[PDB]
């Protein structure tokens, strides 16, 4: 099935690989691009899996969702009509994009520009993109809890996880979310709405003092926690899981502070591990500080190999070495890698943006280096802007309920100016003052 040689080989069938395939086709008319994806599904966007897909009857089957504005769209980047078969890819006139699903690259030979698949098939390439993303992390407490507890714990990542958890939300009475990040908070709000109509229970616990405590300042993290609680969620901050067992058929969670939580199903949203397995056979460098494949500003690792997406630890000429795990970063970095695979030699320059929605009432947008450990200055009026500072310069911005102004935030971080009064900068976001 898989051809023996392909000009462009994209490893992984996710957001970064699809953006690169589109970029290659637009930069090199007639290009022949092969995507090798271990998932049986075609490339699809994941943000809807924890948001729009939950705010709707046949969605689990159609996988179509209504944006907050109303326009309906599919979760897949393109219908199967957009793609060509891997068998006909070398022969179709003016080429195309093919996806080899259900196949995993298990070995990478950088010297001979060759990969070996899980079925023994070997494919030679001229240009290669590694876009393997990552796999959800699991807490050690669940790992030493036995098959019973582990069979009742969901690692939310793929379309299959959305379907399995959606079915469980209609069968069990209590679901517990372990994780205070954006994923855990969005799932809490989503399951919260589901539970308000079915009269069930949703619990979210995490070690921080409030939701997204590692991202937003304390005063805003606490505000967000109250918003999640008002969505029908029992939020337990300052909770460190000590052990997990079964008691009376239900899962029993023991916290390091003595508290106990009884539930029927657990959803662990506790971060991501970059998929760097191919670094061994390929002799590729892994970044010790951020994880992932270490690449340069052009996202290049070796002469004919690039890395994009969650798995790429790259050099930001403006902000320093980073590894970003955002949907728009996978699109931007994937688009950039695609251009550099066709001879662009362009560095990461256009800063990708981040967003999060906790329902159609609360909305976040972020750009740059956003970390609660950095010094912050917030200007609010409901809504506001939070500046993240380093060396008296704005390196990150979080827009709270402020939309259609990301270009202004991007320009601020690019100019790298030392602003005397951040209140005047807040006026740029139509805001007319806290610190941490």
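Positions refer to the first chain, counted from 1.
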Q. Does residue 37 have no coordinates in at least a third of the other PDB entries examined?
A. no
Q) Do at least a third of the other entries of this protein fail to model residue 69? A) yes
Q: Could you tell me how many residues of the deposited sequence sit unmodelled between residue 401 and residue 402 (none, 1 to 3, 4 to 9, 10 or more)?
A: none
Q | Size class of the missing deposited segment between residue 1 and residue 2 | A | none
Q | 194-202 versus 314-322 - which carries the larger mean C-alpha B factor in the record | A | 194-202
**Q.** Mean Cα B-factor comparison, 291-299 or 247-255, giving the higher one as deposited
**A.** 247-255
(Q) Checking the record values for 141, 344, 97, 178, which has the greatest CA B factor? (A) 141
**Q.** Selection from 330, 279, 307, 147 [criterion: highest C-alpha temperature factor in the record]
**A.** 147
Q | For residue 125, the third of its chain into which the C-alpha B factor falls | A | lowest
(Q) Ranking the modelled residues of this chain by C-alpha B-factor as given in the entry, is residue 63 in the lowest, middle or highest third? (A) highest
Q) Can you tell me which third, lowest, middle or highest, the CA B-factor of residue 227 falls into for its chain? A) highest
**Q.** CA B-factor placement of residue 335, once the chain's modelled residues are sorted into thirds
**A.** lowest
Q. When the modelled residues of the chain are sorted by Cα temperature factor, does residue 108 land in the lowest, middle or highest third?
A. middle
